[PDB]
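**Q** Before I ask anything, here is the structure I am working with.
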Amino acid sequence: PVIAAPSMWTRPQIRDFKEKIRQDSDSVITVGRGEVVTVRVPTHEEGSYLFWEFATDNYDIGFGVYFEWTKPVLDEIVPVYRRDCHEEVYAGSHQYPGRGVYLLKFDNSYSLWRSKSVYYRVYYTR
Amino acid sequence: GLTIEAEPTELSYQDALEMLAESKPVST
Ligand SMILES: OC[C@H]1O[C@@H](O)[C@H](O)[C@@H](O)[C@@H]1O
């Protein structure tokens, strides 16, 4: 196989983003102290791309992305790194390498005392 | 170790508007 590079960008309107997100309660995750939440996003049949947006309250969080081919095979789309997504909205896109499941890693494992509040959206498009 | 399953939603012209507004790139 061969993998396309992802595209990632930030945008300034964090309060608005969070308010919009908060109009749905299943779009808000609490990542415990020292814990890692994995969001599994299967590839849509009607789409060729994954799109993600996310933000946090008052503290950074590690974010990264893997692709699980459908024991299994994993490719590293985005490396896990701490992002200041408490200050800006973080977002990105990746072209489907094929049929499979995307793994969004929200990684709080380095945080002893602080939970993290994660606001996120995932999309597909052609 | 928690694992959530999300079904992605079709990206819309509206969604895409906001996302693009005052966008700044990023590298890793
Ligand atoms: O890119 C190098 C790849 O090496 C493989 O062993 C790993 O499964 C991936 O995490 C990584 O993407």
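Labels for the structure tokens follow display order: chains A, B, ..., residues from 1 in each chain, ligands from 1.
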List as a ChimeraX atom specification the protein and nucleic acid residues near residue 9 in chain B, meaning an atom at most 8 Å away when only C-alpha atoms are counted, but skip any in the same chain fewer than 2 places from it.
**A** /A:122-124 /B:7,11
**Q** Could you save those same residues with C-alpha atoms as a tab-separated table (two decimals), in the first residue's frame?
**A**
chain	number	residue	atom	x	y	z
A	122	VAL	CA	-15.61	13.62	12.71
A	123	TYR	CA	-16.87	13.79	9.13
A	124	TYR	CA	-16.62	12.06	5.77
B	7	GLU	CA	-20.11	7.22	12.86
B	11	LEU	CA	-19.42	17.15	5.56
**Q** Kindly provide, as a list in words, the residues of chain A having any atom no farther than 6 Å from an atom of chain B, counting only C-alpha atoms.
**A**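 Within 6 Å of chain B on chain A, we get residues 8, 9, 10, 11, 36, 37, 38, 39, 40, 41, 122, 123, 124 and 125 of chain A.
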**Q** Ligand 1: which residues are within 9 Å, counting only C-alpha atoms and all ligand atoms, as a PDB file with N, CA and C atoms, in the first residue's frame?
**A**
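The result, written out as part.pdb:
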ATOM      1  N   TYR A  66      -4.352   6.955  13.779  1.00  0.00           N
ATOM      2  CA  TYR A  66      -3.896   5.705  13.196  1.00  0.00           C
ATOM      3  C   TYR A  66      -4.985   5.153  12.296  1.00  0.00           C
ATOM      4  N   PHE A  67      -4.581   4.287  11.374  1.00  0.00           N
ATOM      5  CA  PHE A  67      -5.516   3.624  10.478  1.00  0.00           C
ATOM      6  C   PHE A  67      -5.417   2.101  10.620  1.00  0.00           C
ATOM      7  N   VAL A  73      -3.422  -4.544  11.099  1.00  0.00           N
ATOM      8  CA  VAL A  73      -2.350  -3.685  10.603  1.00  0.00           C
ATOM      9  C   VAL A  73      -2.658  -2.234  10.928  1.00  0.00           C
ATOM     10  N   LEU A  74      -1.644  -1.498  11.369  1.00  0.00           N
ATOM     11  CA  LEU A  74      -1.817  -0.099  11.721  1.00  0.00           C
ATOM     12  C   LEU A  74      -0.827   0.788  10.989  1.00  0.00           C
ATOM     13  N   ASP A  75      -1.329   1.880  10.423  1.00  0.00           N
ATOM     14  CA  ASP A  75      -0.466   2.900   9.862  1.00  0.00           C
ATOM     15  C   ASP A  75      -0.620   4.163  10.682  1.00  0.00           C
ATOM     16  N   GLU A  76       0.434   4.964  10.717  1.00  0.00           N
ATOM     17  CA  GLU A  76       0.438   6.149  11.543  1.00  0.00           C
ATOM     18  C   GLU A  76       0.158   7.349  10.650  1.00  0.00           C
ATOM     19  N   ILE A  77      -1.068   7.849  10.716  1.00  0.00           N
ATOM     20  CA  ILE A  77      -1.457   9.003   9.913  1.00  0.00           C
ATOM     21  C   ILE A  77      -0.938  10.287  10.550  1.00  0.00           C
ATOM     22  N   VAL A  78      -1.284  10.486  11.820  1.00  0.00           N
ATOM     23  CA  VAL A  78      -0.789  11.630  12.560  1.00  0.00           C
ATOM     24  C   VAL A  78      -0.097  11.130  13.811  1.00  0.00           C
ATOM     25  N   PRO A  79       1.111  11.641  14.079  1.00  0.00           N
ATOM     26  CA  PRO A  79       1.793  11.152  15.277  1.00  0.00           C
ATOM     27  C   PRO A  79       1.152  11.737  16.510  1.00  0.00           C
TER      28      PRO A  79
END
**Q** Compile the contact shell of residue 118 in chain A as a VMD selection string: residues with an atom at most 8 Å away, counting only C-alpha atoms, same-chain residues fewer than 5 positions apart removed.
**A** chain A and resid 28 to 31 54 to 57
**Q** With only C-alpha atoms as the atoms that count, which of A:60, A:68, A:53, A:16 lies nearest to residue 119 in chain A?
**A**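 Closest to residue 119 in chain A, using only C-alpha atoms: A:53.
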